[PDB]
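Participant: Have a peek at coords.pdb (PDB, C-alpha atoms).
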MODEL        1
ATOM      1  CA  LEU A  65       0.000   0.000   0.000  1.00  0.00           C
ATOM      2  CA  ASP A  66       1.383   3.373  -1.085  1.00  0.00           C
ATOM      3  CA  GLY A  67      -1.318   5.994  -0.626  1.00  0.00           C
ATOM      4  CA  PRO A  68      -4.989   6.845  -1.375  1.00  0.00           C
ATOM      5  CA  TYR A  69      -4.379   8.607  -4.691  1.00  0.00           C
ATOM      6  CA  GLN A  70      -7.489  10.522  -5.759  1.00  0.00           C
ATOM      7  CA  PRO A  71      -9.036   9.877  -9.217  1.00  0.00           C
ATOM      8  CA  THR A  72      -7.232  11.327 -12.234  1.00  0.00           C
ATOM      9  CA  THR A  73      -6.192  10.631 -15.825  1.00  0.00           C
ATOM     10  CA  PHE A  74      -2.607   9.507 -16.412  1.00  0.00           C
ATOM     11  CA  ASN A  75      -0.349   6.766 -17.775  1.00  0.00           C
ATOM     12  CA  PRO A  76      -0.628   3.662 -15.517  1.00  0.00           C
ATOM     13  CA  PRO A  77       2.860   2.091 -15.097  1.00  0.00           C
ATOM     14  CA  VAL A  78       3.508  -1.657 -15.051  1.00  0.00           C
ATOM     15  CA  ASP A  79       4.593  -4.403 -12.652  1.00  0.00           C
ATOM     16  CA  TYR A  80       2.530  -2.597 -10.007  1.00  0.00           C
ATOM     17  CA  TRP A  81      -0.871  -3.520  -8.576  1.00  0.00           C
ATOM     18  CA  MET A  82      -3.576  -0.846  -8.551  1.00  0.00           C
ATOM     19  CA  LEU A  83      -5.659  -1.308  -5.402  1.00  0.00           C
ATOM     20  CA  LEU A  84      -8.867   0.615  -6.095  1.00  0.00           C
ATOM     21  CA  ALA A  85     -10.940   1.195  -2.960  1.00  0.00           C
ATOM     22  CA  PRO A  86     -14.296   2.677  -4.102  1.00  0.00           C
ATOM     23  CA  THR A  87     -17.004   4.016  -1.791  1.00  0.00           C
ATOM     24  CA  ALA A  88     -20.138   2.997  -3.691  1.00  0.00           C
ATOM     25  CA  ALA A  89     -21.436   1.461  -6.919  1.00  0.00           C
ATOM     26  CA  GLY A  90     -21.002   3.024 -10.343  1.00  0.00           C
ATOM     27  CA  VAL A  91     -17.815   3.677 -12.298  1.00  0.00           C
ATOM     28  CA  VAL A  92     -14.466   3.103 -10.592  1.00  0.00           C
ATOM     29  CA  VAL A  93     -11.820   3.335 -13.311  1.00  0.00           C
ATOM     30  CA  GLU A  94     -11.290   3.077 -17.069  1.00  0.00           C
ATOM     31  CA  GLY A  95      -8.549   2.913 -19.682  1.00  0.00           C
ATOM     32  CA  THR A  96      -8.268   3.116 -23.462  1.00  0.00           C
ATOM     33  CA  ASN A  97      -6.105   4.324 -26.346  1.00  0.00           C
ATOM     34  CA  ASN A  98      -8.869   5.941 -28.415  1.00  0.00           C
ATOM     35  CA  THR A  99      -7.525   4.215 -31.526  1.00  0.00           C
ATOM     36  CA  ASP A 100      -8.259   0.482 -31.494  1.00  0.00           C
ATOM     37  CA  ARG A 101      -8.511  -0.702 -27.887  1.00  0.00           C
ATOM     38  CA  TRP A 102     -10.878   0.171 -25.038  1.00  0.00           C
ATOM     39  CA  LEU A 103     -11.067  -1.138 -21.471  1.00  0.00           C
ATOM     40  CA  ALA A 104     -13.340   0.280 -18.770  1.00  0.00           C
ATOM     41  CA  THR A 105     -14.147  -0.833 -15.223  1.00  0.00           C
ATOM     42  CA  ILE A 106     -17.522  -0.377 -13.529  1.00  0.00           C
ATOM     43  CA  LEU A 107     -19.146  -1.710 -10.356  1.00  0.00           C
ATOM     44  CA  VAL A 108     -22.693  -2.979  -9.832  1.00  0.00           C
ATOM     45  CA  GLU A 109     -24.711  -2.557  -6.635  1.00  0.00           C
ATOM     46  CA  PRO A 110     -26.176  -5.657  -4.899  1.00  0.00           C
ATOM     47  CA  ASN A 111     -29.726  -6.777  -5.690  1.00  0.00           C
ATOM     48  CA  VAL A 112     -30.374  -6.075  -9.375  1.00  0.00           C
ATOM     49  CA  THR A 113     -32.996  -7.691 -11.608  1.00  0.00           C
ATOM     50  CA  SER A 114     -31.034  -6.963 -14.789  1.00  0.00           C
ATOM     51  CA  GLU A 115     -31.364  -3.249 -15.548  1.00  0.00           C
ATOM     52  CA  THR A 116     -30.098  -0.892 -18.253  1.00  0.00           C
ATOM     53  CA  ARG A 117     -29.018   2.623 -17.279  1.00  0.00           C
ATOM     54  CA  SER A 118     -27.418   5.405 -19.322  1.00  0.00           C
ATOM     55  CA  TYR A 119     -23.821   6.323 -18.491  1.00  0.00           C
ATOM     56  CA  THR A 120     -20.985   8.308 -20.069  1.00  0.00           C
ATOM     57  CA  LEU A 121     -18.329   5.991 -21.500  1.00  0.00           C
ATOM     58  CA  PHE A 122     -15.090   7.866 -22.182  1.00  0.00           C
ATOM     59  CA  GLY A 123     -17.128  11.032 -22.627  1.00  0.00           C
ATOM     60  CA  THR A 124     -19.559   9.408 -25.049  1.00  0.00           C
ATOM     61  CA  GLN A 125     -23.019   8.857 -23.566  1.00  0.00           C
ATOM     62  CA  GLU A 126     -24.062   5.208 -23.805  1.00  0.00           C
ATOM     63  CA  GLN A 127     -26.391   2.664 -22.199  1.00  0.00           C
ATOM     64  CA  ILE A 128     -24.975  -0.153 -20.072  1.00  0.00           C
ATOM     65  CA  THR A 129     -26.584  -3.254 -18.567  1.00  0.00           C
ATOM     66  CA  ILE A 130     -25.942  -4.574 -15.058  1.00  0.00           C
ATOM     67  CA  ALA A 131     -27.294  -7.199 -12.663  1.00  0.00           C
ATOM     68  CA  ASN A 132     -26.835  -8.862  -9.274  1.00  0.00           C
ATOM     69  CA  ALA A 133     -28.063 -11.931  -7.393  1.00  0.00           C
ATOM     70  CA  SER A 134     -26.440 -11.307  -4.003  1.00  0.00           C
ATOM     71  CA  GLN A 135     -27.749  -9.109  -1.193  1.00  0.00           C
ATOM     72  CA  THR A 136     -24.540  -7.522   0.099  1.00  0.00           C
ATOM     73  CA  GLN A 137     -21.986  -8.445  -2.570  1.00  0.00           C
ATOM     74  CA  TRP A 138     -20.770  -6.183  -5.373  1.00  0.00           C
ATOM     75  CA  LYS A 139     -20.306  -7.327  -8.971  1.00  0.00           C
ATOM     76  CA  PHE A 140     -17.450  -5.735 -10.918  1.00  0.00           C
ATOM     77  CA  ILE A 141     -17.906  -5.667 -14.692  1.00  0.00           C
ATOM     78  CA  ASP A 142     -15.111  -4.999 -17.187  1.00  0.00           C
ATOM     79  CA  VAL A 143     -16.019  -3.737 -20.657  1.00  0.00           C
ATOM     80  CA  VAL A 144     -13.928  -3.732 -23.833  1.00  0.00           C
ATOM     81  CA  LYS A 145     -14.282  -2.337 -27.353  1.00  0.00           C
ATOM     82  CA  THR A 146     -12.414  -2.602 -30.657  1.00  0.00           C
ATOM     83  CA  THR A 147     -13.285   0.791 -32.142  1.00  0.00           C
ATOM     84  CA  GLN A 148     -14.781   4.145 -31.151  1.00  0.00           C
ATOM     85  CA  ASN A 149     -18.453   3.599 -30.329  1.00  0.00           C
ATOM     86  CA  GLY A 150     -18.132   0.129 -31.825  1.00  0.00           C
ATOM     87  CA  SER A 151     -18.600  -3.146 -29.960  1.00  0.00           C
ATOM     88  CA  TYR A 152     -19.251  -3.438 -26.224  1.00  0.00           C
ATOM     89  CA  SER A 153     -18.569  -6.697 -24.387  1.00  0.00           C
ATOM     90  CA  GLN A 154     -18.988  -6.711 -20.606  1.00  0.00           C
ATOM     91  CA  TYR A 155     -16.801  -9.422 -19.079  1.00  0.00           C
ATOM     92  CA  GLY A 156     -14.537  -9.979 -16.089  1.00  0.00           C
ATOM     93  CA  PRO A 157     -16.881 -11.102 -13.264  1.00  0.00           C
ATOM     94  CA  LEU A 158     -15.532 -10.334  -9.792  1.00  0.00           C
ATOM     95  CA  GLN A 159     -17.561 -10.461  -6.577  1.00  0.00           C
ATOM     96  CA  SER A 160     -16.230  -8.494  -3.605  1.00  0.00           C
ATOM     97  CA  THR A 161     -17.641  -8.813  -0.086  1.00  0.00           C
ATOM     98  CA  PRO A 162     -15.270  -6.550   1.934  1.00  0.00           C
ATOM     99  CA  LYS A 163     -15.320  -4.023  -0.924  1.00  0.00           C
ATOM    100  CA  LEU A 164     -11.974  -3.887  -2.726  1.00  0.00           C
ATOM    101  CA  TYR A 165     -10.626  -3.905  -6.284  1.00  0.00           C
ATOM    102  CA  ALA A 166      -7.180  -4.441  -7.802  1.00  0.00           C
ATOM    103  CA  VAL A 167      -5.699  -4.411 -11.306  1.00  0.00           C
ATOM    104  CA  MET A 168      -2.263  -4.728 -12.911  1.00  0.00           C
ATOM    105  CA  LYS A 169      -0.445  -5.163 -16.224  1.00  0.00           C
ATOM    106  CA  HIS A 170       2.599  -7.400 -16.677  1.00  0.00           C
ATOM    107  CA  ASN A 171       4.246  -9.199 -19.600  1.00  0.00           C
ATOM    108  CA  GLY A 172       1.696  -7.443 -21.794  1.00  0.00           C
ATOM    109  CA  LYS A 173      -1.118  -9.369 -20.110  1.00  0.00           C
ATOM    110  CA  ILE A 174      -3.462  -7.414 -17.843  1.00  0.00           C
ATOM    111  CA  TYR A 175      -3.531  -9.278 -14.528  1.00  0.00           C
ATOM    112  CA  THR A 176      -6.854  -8.745 -12.757  1.00  0.00           C
ATOM    113  CA  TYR A 177      -8.635 -10.564  -9.932  1.00  0.00           C
ATOM    114  CA  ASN A 178     -11.639 -12.607 -11.048  1.00  0.00           C
ATOM    115  CA  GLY A 179     -14.199 -14.918  -9.479  1.00  0.00           C
ATOM    116  CA  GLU A 180     -15.585 -14.394  -5.981  1.00  0.00           C
ATOM    117  CA  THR A 181     -13.684 -12.738  -3.127  1.00  0.00           C
ATOM    118  CA  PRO A 182     -13.392 -15.789  -0.810  1.00  0.00           C
ATOM    119  CA  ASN A 183     -12.254 -17.624  -3.946  1.00  0.00           C
ATOM    120  CA  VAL A 184     -10.714 -15.028  -6.260  1.00  0.00           C
ATOM    121  CA  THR A 185      -8.966 -16.033  -9.479  1.00  0.00           C
ATOM    122  CA  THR A 186      -6.273 -13.757 -10.895  1.00  0.00           C
ATOM    123  CA  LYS A 187      -6.662 -14.164 -14.652  1.00  0.00           C
ATOM    124  CA  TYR A 188      -4.849 -12.409 -17.483  1.00  0.00           C
ATOM    125  CA  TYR A 189      -5.741 -10.592 -20.703  1.00  0.00           C
ATOM    126  CA  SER A 190      -3.348 -10.688 -23.659  1.00  0.00           C
ATOM    127  CA  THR A 191      -2.586  -7.191 -24.945  1.00  0.00           C
ATOM    128  CA  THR A 192      -0.361  -5.460 -27.499  1.00  0.00           C
ATOM    129  CA  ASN A 193      -0.515  -1.670 -27.260  1.00  0.00           C
ATOM    130  CA  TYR A 194      -1.033  -1.841 -23.492  1.00  0.00           C
ATOM    131  CA  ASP A 195       2.069   0.307 -22.994  1.00  0.00           C
ATOM    132  CA  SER A 196       0.306   2.942 -25.109  1.00  0.00           C
ATOM    133  CA  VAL A 197      -2.930   2.996 -23.104  1.00  0.00           C
ATOM    134  CA  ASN A 198      -4.070   5.616 -20.594  1.00  0.00           C
ATOM    135  CA  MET A 199      -6.328   5.161 -17.567  1.00  0.00           C
ATOM    136  CA  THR A 200      -8.782   7.381 -15.692  1.00  0.00           C
ATOM    137  CA  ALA A 201      -9.524   6.649 -12.034  1.00  0.00           C
ATOM    138  CA  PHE A 202     -13.007   7.575 -10.820  1.00  0.00           C
ATOM    139  CA  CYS A 203     -12.204   7.152  -7.116  1.00  0.00           C
ATOM    140  CA  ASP A 204      -9.426   6.731  -4.551  1.00  0.00           C
ATOM    141  CA  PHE A 205      -6.838   4.015  -5.174  1.00  0.00           C
ATOM    142  CA  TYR A 206      -3.527   2.753  -3.790  1.00  0.00           C
ATOM    143  CA  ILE A 207      -0.197   1.729  -5.315  1.00  0.00           C
ATOM    144  CA  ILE A 208       1.373  -1.643  -4.512  1.00  0.00           C
ATOM    145  CA  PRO A 209       4.413  -3.494  -5.972  1.00  0.00           C
ATOM    146  CA  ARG A 210       3.866  -6.767  -7.834  1.00  0.00           C
ATOM    147  CA  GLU A 211       6.242  -8.338  -5.304  1.00  0.00           C
ATOM    148  CA  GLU A 212       3.381  -8.290  -2.796  1.00  0.00           C
ATOM    149  CA  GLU A 213       1.090 -10.293  -5.087  1.00  0.00           C
ATOM    150  CA  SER A 214       0.007 -12.578  -2.244  1.00  0.00           C
ATOM    151  CA  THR A 215      -0.738  -9.462  -0.192  1.00  0.00           C
ATOM    152  CA  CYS A 216      -3.158  -8.043  -2.761  1.00  0.00           C
ATOM    153  CA  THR A 217      -5.083 -11.321  -2.923  1.00  0.00           C
ATOM    154  CA  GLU A 218      -5.556 -11.505   0.848  1.00  0.00           C
ATOM    155  CA  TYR A 219      -6.584  -7.840   0.767  1.00  0.00           C
ATOM    156  CA  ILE A 220      -9.517  -8.419  -1.590  1.00  0.00           C
ATOM    157  CA  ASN A 221     -10.672 -11.572   0.206  1.00  0.00           C
ATOM    158  CA  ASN A 222     -10.905 -10.027   3.677  1.00  0.00           C
ATOM    159  CA  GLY A 223      -8.372  -7.208   3.754  1.00  0.00           C
ATOM    160  CA  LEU A 224     -10.549  -4.375   5.035  1.00  0.00           C
TER     161      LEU A 224
ENDMDL
END
Hey, can you dump this file as structure tokens for me?

Facilitator:
Amino acid sequence: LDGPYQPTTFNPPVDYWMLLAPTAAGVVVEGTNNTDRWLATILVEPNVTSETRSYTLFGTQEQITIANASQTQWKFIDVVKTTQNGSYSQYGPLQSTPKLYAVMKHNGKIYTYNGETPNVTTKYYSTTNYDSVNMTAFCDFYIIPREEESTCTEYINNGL
């Protein structure tokens, strides 16, 4: 843990975990190149019978769909596009009980925690122009070295 860095747009380094500690549902962070690669990160509030609300994606107003089956568990949803206002696939299911998110990029593959909290699963996403992609935090986050990988995992499970 480095420090609760407020939301802002900048170039996210590598080999470092990005512990995002949001306060409520909604958008948490996003990142794209605005050329041929988009990757956003949003959170869904518990109890949701599949709804579709209108939100601003990278400045462009769009409609997103969310859902939830738990009562006190959040459901993180990661979206990705190929072109400007093109496709829109919402993947990357991650349930958090203690409320905590973390993301990282190494070896060109975005390492993010998946699955449920008590049983998270750090998967990876093959990339190419990752080094040429910017991110925009929508809340407070913390910086942590990849060396403490095991630390990040335990943090999401029942850290806070």

Participant: Expressed in Å to a single decimal, how great is the separation between CA of residue 151 in chain A and CA of residue 124 in chain A?

Facilitator: 13.5 Å

Participant: What lies within 12 Å of residue 183 in chain A using all atoms listed in the file, ignoring chain neighbours under 5 positions off, as a list in words?

Facilitator: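 The filter keeps residues 158, 159, 160, 161, 177, 178, 217, 218, 220, 221 and 222 of chain A.
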
Participant: Once the PyMOL selection byres ((chain A and resi 173) around 6) is applied to the coordinates I shared, what remains selected? I want it as a ChimeraX atom specification.

Facilitator: /A:169-172,174,188-191

Participant: Would you list the contacts of residue 127 in chain A as an MDAnalysis selection string, taking every protein, DNA or RNA residue within 6 Å and counting all atoms listed in the file, but skipping same-chain residues closer than 2 positions in sequence?

Facilitator: chainID A and resid 117:119

Participant: Please measure the separation of CA of residue 186 in chain A and CA of residue 92 in chain A, giving the value in Å to one decimal.

Facilitator: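 It comes out at 18.7 Å.
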
Participant: Which distance in Å separates CA of residue 108 in chain A and CA of residue 152 in chain A, to one decimal?

Facilitator: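 Computed distance, CA of residue 108 in chain A to CA of residue 152 in chain A, equals 16.8 Å.
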
Participant: Env of residue 140 in chain A: 12 Å cut, atoms = all atoms listed in the file, seq-sep filter 4 positions within chain, self excluded. Answer as a VMD selection string.

Facilitator: chain A and resid 84 86 88 to 93 104 to 110 130 to 132 154 to 161 163 to 167 176 to 181

Participant: Rank nothing, just name the residue among A:208, A:121, A:197, A:216 nearest to residue 101 in chain A, using only C-alpha atoms.

Facilitator: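 Closest residue, counting only C-alpha atoms: A:197.
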
Participant: Residues of range 110-203 of chain A that have any atom at most 9 Å from an atom of range 66-73 of chain A: could you tabulate them with the shortest-distance atom pair and the distance in Å to one decimal, using only C-alpha atoms, ordered by chain and increasing number, as a tab-separated table?

Facilitator:
residue	atom	partner	partner_atom	distance
A:198	CA	A:73	CA	7.2
A:199	CA	A:73	CA	5.7
A:200	CA	A:73	CA	4.2
A:201	CA	A:71	CA	4.3
A:202	CA	A:71	CA	4.9
A:203	CA	A:71	CA	4.7
